[PDB]
Structures are given as C-alpha cells and as structure tokens.
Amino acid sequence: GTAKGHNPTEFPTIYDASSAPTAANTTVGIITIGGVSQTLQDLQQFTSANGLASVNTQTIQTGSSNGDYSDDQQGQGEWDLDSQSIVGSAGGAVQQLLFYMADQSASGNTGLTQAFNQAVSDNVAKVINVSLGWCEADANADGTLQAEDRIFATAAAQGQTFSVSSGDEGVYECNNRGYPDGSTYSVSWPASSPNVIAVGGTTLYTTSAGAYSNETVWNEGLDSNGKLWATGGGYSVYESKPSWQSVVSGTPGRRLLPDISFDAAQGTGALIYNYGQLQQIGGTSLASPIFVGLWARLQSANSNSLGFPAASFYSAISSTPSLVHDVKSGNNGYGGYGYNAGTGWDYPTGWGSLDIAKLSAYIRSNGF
C-alpha cells in the first residue's frame, strides 16, 4: 500500500460503499463559523470538474439578523474540506446541503451554540457535520459544555446524528492546543459528548489500483512550532460512560472517544478546491465528513429511519468484527507518551473505520 492524496470521489470505493445508494434522499447539515460565499463557488468548481450534478444548497443565518455572517478566509478552507468530502463520500449526491452559519459578532461561544441550536430546532437535516472543537475543560469552565450538550441530547432523541472531529492535537488538546506535556492527557469538546458520534483519524494506505490496503494511527509528529499533529483520543473527565460503551472492558466510567475513525493524515489526505486552488488537506476535520457522507447513504438506503447509532455501533461491532477495519499500529502521543492502538477498540481510533457494504447488509438483516 501507498501513502498519497485522494479526490473525495474515491472514498466510497476505499470504504466499500459503491454498491450502496447515494445520499440523494437524505438532507445533510454542516456547521460553520461565518459565511460560505467562496465555499459555494469552490463547491461549484468541485461538482463541475467531477462531472457531477449540481448540489442544492441553502445557507442559514442562525443568530441575529444583524450579526456578522461575512466570510472568514481561513474558514472557507474548512467548509471546502467539509462539503466536498461529504459529497464525494455520499457518492456524488445529497438531497440538499445546509450551511448553518454561526454569527461572528456574538459573545462568548454563543454564536456556535445558536448554530447547533438552529440545526436541531429545524430538524430537517438527518446528519450534521462538525469539524471543529477545543479543550473540553475550557468549554466546561465557561458553561458552554452544559449549554451545548442539552442541544445534542435533543438531537439524539429526535433521531438526528451529529458527527464531530475528535481533534488534531493527540492527547495534548488542552496544553496550548497540542504542545507536548508528557503523561498529561486531555480531550476536545464537543467530541467528548455522549449525544454525538466522535470520529478519529487514520493514516490511509491504498493499493496501486486504488483499493483499501490498510490503516494505522494518524500521527505526523511535531510542526516547526513544536505542536503535535495527531488524532484526538482518550476519555472525558466530566461525561459519564454511556452504558453501550461498557463492552469495552478495563476502562474508566467516562465517555470514551473516538467512536470510529477515518482518513486524517495530511500525507494521505483529501485534494480540495480552496479559493479555486487544489490543496491536499487532512485532520480529523476530514475524517468526520467522510463518515457523514457514508452514513447519509445508509439513511437513504433505509428511508432515513435510522436513529442515533451509538448503541448499535457498539453492540454490532463488538459482536461482528467483520464490520470494521481494526486499526492496530501507532500512538496518538509523543516522545514515548500517548495511547497505543491495539486489538479491538482503542483510544486513538476507537473501533476503526466502517466497511459500508457489510454494515449495510447487517442492518438489512438486523435493523440498527
């Protein structure tokens, strides 16, 4: 297998989803900070280049009608990554793509919170992508965690799936966002929520012909600033373990994360149009939208009748190892520190990545 960049349109064949329907009958959401004007141009570039049918989009101002929904330039890169990866992974079509735009003028974390809130209150997107986060402890300190979890709980109860990136700072989320801190480990919010699916990151290897070859932990070491780039993983210091997680024995009574993982290494990352320019981008910010696109196909396959799938993932995969690619090699730390991947569920990658056709069949026979 080879480490290389990938067009989003290749993820269905890498993760075994070509024989499933596209997401044409499922509506998908994406949370952003600020506007997406350039993003929408970039998205036009993407569908046209790949010869795809255009995507029906909507943009929503989730807060004050006088708030700041101007484009954030660095932001467009994320929303680019998110939207192109979702649509590629979905097999090239979604019913509609909604951009839930957070007000940039709002106080504290209130803009983001209202954006989560509008997606939930409208209840039209079945799956919503969240490619962002920060130190859960900071979120806890100022009341943001409590506020946002109420909203995710409502989502789960109404059958909506929020997908959240686990982080890109490995075990060192709360140390200046990724600076090595020896044996001191932390995690990112909102991934640590039990009411969302947390998606970690892999190093993705492919055959010459482009088939799946294997996956190791995402960990590309330190940048020139001294910051670690690797998959977020561990357990929450605040959130209690949901009981479906009890099948992972020998772990504390806390929410363990991530749940599942997909491609995240920049070296094996996605090729994305940004301000008209193709760039090779990675992170758990990529793995999450790959899951969202794949999961949107299974909804389309099941008349969008699949509720919040955490409990089901844990029971099905623990009893059916063929449903996933089990990551077994690497760590999400530095200098000897960090968690190591291993047989079955582990802290850097969770259950690993999903084999979609096999999951599809399982659901055929057993429901989800």
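Each residue number is its position in the shown sequence, starting from 1.
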{"query": "Residue stretch of maximal mean CA temperature factor, 324-332 vs 66-74", "finding": "66-74"}
{"query": "Selected stretch [higher average CA B-factor]: 80-88 or 223-231", "finding": "223-231"}
{"query": "Identity of residue with top Cα B-factor, from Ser193, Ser121, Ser163, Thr202", "finding": "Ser121"}
{"query": "Selection by C-alpha B-factor (highest) of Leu256, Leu132, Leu298, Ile260", "finding": "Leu132"}
{"query": "Record-listed C-alpha B factor of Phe116: chain third", "finding": "highest"}
{"query": "Ranked C-alpha temperature factor of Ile14 among modelled chain residues, by third", "finding": "lowest"}
{"query": "Third assignment of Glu173 from its chain's C-alpha B-factors", "finding": "highest"}
{"query": "Ranked C-alpha temperature factor of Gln146 among modelled chain residues, by third", "finding": "middle"}
{"query": "Modelled-residue ranking by C-alpha temperature factor, third containing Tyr337", "finding": "highest"}
